[PDB]
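> Pasting a structure here, questions to come.
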């Protein structure tokens with residue numbers, strides 16, 4: 008429901024229109040303080056009209072208009088007002111909603127800025163792994179599956195849009211030893231280790247290994263595998279290469295910083 | 553002395569003086585009681601509207617709204633209104649400007665809204683306190724109720740021409756040899781001066797040329813010293 012942001016923007020716009028009206032009528036209530044060469048400050052008056060032209064910005068709200076026109080009479084809210092009149096203590107529900115949203119955003123910002131850790135070091159479960167894999171499989175166009183043909187370690191494969199499927203061996207976490215193979223795969227009777235490529239997919243595997251060694255966290259493997267899955271899914275397009283042309287080399291793929299760009303650019 | 557009347561049986565000065573002995577209320581009746589013809593003097597009478605009419609209107613309106621301010625942080629509050637003679641001069645002024653409005657439509661508005671003119675009830679209450687303030691009389720309670728409520732015609736922010744203080748007998752003086760630290773009658777009191785603004789003794793600080801056309805009477809009257817206005821200064825136009 009991003010229309011709330013649009014309505015807040017419209018409120019800010021109309022408040023700015025009122026403020027600009029007040030400001031221009033106040034400026035008209037004063038003359039040239041000290042010009043001594045030309046009363047060019049009257050041009051600021053015209054500039055004030057530009058702020059009044061910002062009223063047309065409120066007309067932009069007509070594009071954001073038609074945000075809500077439905078039934079759903081306030082979404083299951085009325086309990087005491089439209090219900091038991093004696094049930095007056104209702105608003106506690108809305109208070110709790112606001113409290114929870116505030117706590118959520120507060121803790122989110124706190125965790126986001128707490129990246130500057132201060133802990134030096136630490137000095138003085160296959161079912162869980164399969165469950166984490168299945169939970170990560172919950173994203174669209176990211177059909178993954180595992181079989182564990184050899185060993186107690188995890189053998190996971192991912193196929194997003196093309197025949198560029200990737201295999202990643204895990205040890206219940208921090209899945210290292212990545213191998214991407216475009217257009218064949224599981225030769226013999228299980229996953230293979232051919233690692234054949236077109237001198238570019240091998241580079242992609244190198245990038246994946248670099249990320250795995252880079253996105254390795256000291257604990258909490260959930261966030262680790264989540265960042266891993268997002269980093270891999272970011273390859274769904276492979277069609278744009280900023281900071282250079284589209285043919286800087288054999289192929290231009292390296293989104294390590296949440297944005298794809300031309301390869302060989304570190 | 554603006555009475556450039558036709559030759560009559562008596563002079564305009566003594567006639568306007570005896571105009572004080574007039575009816576109780578309804579100045580629109582007093583004007584026909586005394587006279588209404590021999591008062592015009594110029595077609596270009598548009599001189600007191602932008603300068604004096606608003607001034608006298610604000611003065612009388614403050615005099616009105618001062619009545620409910622009896623319990624002020626002062627024994628006489630803001631003013632006295634115990635003379636009546638000055639109020640008689642004010643009544644002469646208001647009736648002559650009524651004649652002016654009858655002649656020149658550039659009269660004195662109520663300055664806020666709803667002229668429904672509106673000076674009638676004003677003059678009525680002034681005369682009501684007049685019979686309480688002519689001579690050997692005390693101040694009245721009905722007039723209190725009549726003045727207490729206010730109409731949609733009551734502005735504020737009057738000039739109150741006065742001089743800055745200098746109470747440095749033996750107590751305190753915050754000044755030096757230089758660098759004065761900052762902390772009008774014919775209007776011309778903007779937020780920041782943008783003209784000559786010839787500083788004066790107490791409050792005038794009026795512009796030197798005044799951009800006048802026929803109001804030269806005031807300028808030619810205030811060239812010399814003024815009332816508490818012999819201190820004609822040259823305070824610079826340090827507008828801020």
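Chains as they are written, first to last, in the authors' numbering: chain V, 8 to 96, 104 to 138, 159 to 218, 223 to 304; chain K, 553 to 668, 671 to 694, 720 to 762, 772 to 828. Just so you know, even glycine gets a beta-carbon here, dropped at the ideal spot from N, CA and C.
Residue 38/V versus chain K: which residues are under 9 Å apart at the beta carbon?
The answer, in chain order, is 778, 779, 780 and 782.
> Which residues mark the beginning and the end of the alpha helix (DSSP H) in which residue 245/V is found?
Residues 239-252.
> Just to confirm before moving on: does the CB-CB distance between residue 588/K and residue 679/K stay below 9 Å?
No, they are not a contact pair.
> If contacts are defined as beta-carbon pairs under 8 Å, then residue 795/K and residue 786/K qualify, I think. What distance do you get, rounded to the angstrom?
Confirmed, about 7 Å.
> Taking only beta-carbon positions, decide if residue 825/K is within less than 9 Å of chain V.
Judged by the 9 Å Cβ criterion, residue 825/K is in contact with chain V.
> Where does residue 180/V fall in DSSP's three states?
Strand.
> Which of the three DSSP states, helix, strand or coil, is assigned to residue 814/K?
Looking at residue 814/K - three-state DSSP - the assignment turns out to be strand.
> For residue 134/V, would you say it is in contact with chain K, using Cβ-to-Cβ distances shorter than 9 Å as the test?
Cβ-Cβ to chain K under 9 Å: no for residue 134/V.
> For chain K, check one thing: does any of its Cβ atoms lie closer than 9 Å to the Cβ of residue 42/V?
Yes, because at least one Cβ of chain K sits closer than 9 Å to the Cβ of residue 42/V.
> If you reduce the DSSP assignment to three classes, tell me which class residue 776/K lands in.
Coil.
> Which residues does DSSP list as the beta-bridge partners of residue 204/V?
Answer is 188/V, bridged to residue 204/V.
> Scan the region 604-633 of chain K and note each continuous alpha helix (DSSP H) run of 4 residues or more that stays entirely inside, going in chain order.
For the region 604-633 of chain K, whole alpha helix (DSSP H) runs of length 4 or above, ordered along the chain, are 606-617.
> Answer yes or no: does any C-beta atom of chain V fall closer than 9 Å to that of residue 796/K?
Not an interface residue.
> Leaving out the 5 sequence neighbours to the left and right, which residues in its chain are closer than 6 Å to residue 725/K when beta-carbon positions are compared?
Excluding sequence neighbours, residue 725/K sits near 679.
> For residue 281/V, count neighbouring C-beta atoms within 10 Å of its own C-beta (all shown protein chains included) and say buried if the count is 16 or more, exposed if not.
Residue 281/V should be labelled exposed.
> Step through the CB atoms of chain V and report whether any lies within less than 9 Å of the CB of residue 828/K.
Closer than 9 Å: yes.
> Are at least three pairs of beta-carbons, each pair with one atom in the region 231-241 of chain V and one in the region 250-269 of chain V, less than 8 Å apart?
No, the region 231-241 of chain V is not in contact with the region 250-269 of chain V.
> Give the straight-line distance between the Cα atoms of residue 611/K and residue 556/K, rounded to the nearest whole angstrom.
So the two alpha carbons sit approximately 27 Å from each other.
> Please report the straight-line C-alpha distance between residue 91/V and residue 72/V, rounded to a whole angstrom.
The alpha-carbon atoms of residue 91/V and residue 72/V are separated by roughly 36 Å.
> Taking only runs of the alpha helix (DSSP H) that begin and end inside the region 568-597 of chain K, which ones reach a length of at least 4 residues, in chain order?
The region 568-597 of chain K contains these whole alpha helix (DSSP H) runs: 579-586.
> DSSP puts residue 214/V in a beta bridge; with which residues?
200/V.
> On the premise that residue 664/K lies in contact with residue 734/K, defined as a C-beta separation below 8 Å, what is that separation, rounded to the nearest angstrom?
The pair is a contact, with the Cβ atoms about 5 Å apart (cut-off 8 Å).
> Could you have a look at residue 268/V and say whether DSSP puts it in helix, strand or coil?
Three-state DSSP puts residue 268/V in a helix.
> If you draw a straight line from the C-alpha of residue 623/K to the C-alpha of residue 632/K, how long is it?
Distance between the alpha carbons of residue 623/K and residue 632/K: 13 Å.
> According to DSSP, residue 193/V sits in a beta bridge with which residue or residues?
Paired residue(s): 177/V.
> Between 83/V, 207/V, 169/V and 104/V, which has its C-alpha nearest residue 186/V's C-alpha?
Nearest of 83/V, 207/V, 169/V and 104/V to residue 186/V, Cα basis: 207/V.
> Distance check for residue 95/V and residue 275/V, CA to CA, integer angstroms please.
Looking at the two C-alpha atoms, the distance is approximately 56 Å.
> Evaluate contact between the region 284-299 of chain V and the region 240-252 of chain V, counting only Cβ atoms and requiring at least three cross-stretch pairs below 8 Å.
The region 284-299 of chain V, when compared against the region 240-252 of chain V, does touch it at the 8 Å Cβ threshold.
> Measure the C-alpha to C-alpha separation of residue 580/K and residue 674/K and round it to an integer number of angstroms.
Taking the straight line from one Cα to the other gives about 8 Å.
> How is the alpha helix (DSSP H) around residue 739/K delimited, first residue to last?
No alpha helix (DSSP H) contains residue 739/K, which DSSP labels as neither H nor E.
> Write down the C-beta distance between residue 212/V and residue 250/V rounded to the nearest angstrom, noting that I regard them as a contact closer than 8 Å.
Yes, residue 212/V and residue 250/V are in contact; Cβ-Cβ is about 6 Å, under 8 Å.
> Is residue 52/V closer than 9 Å to residue 77/V when the C-beta atoms are compared?
No, the pair does not count as a contact, with Cβ atoms beyond the cut-off.
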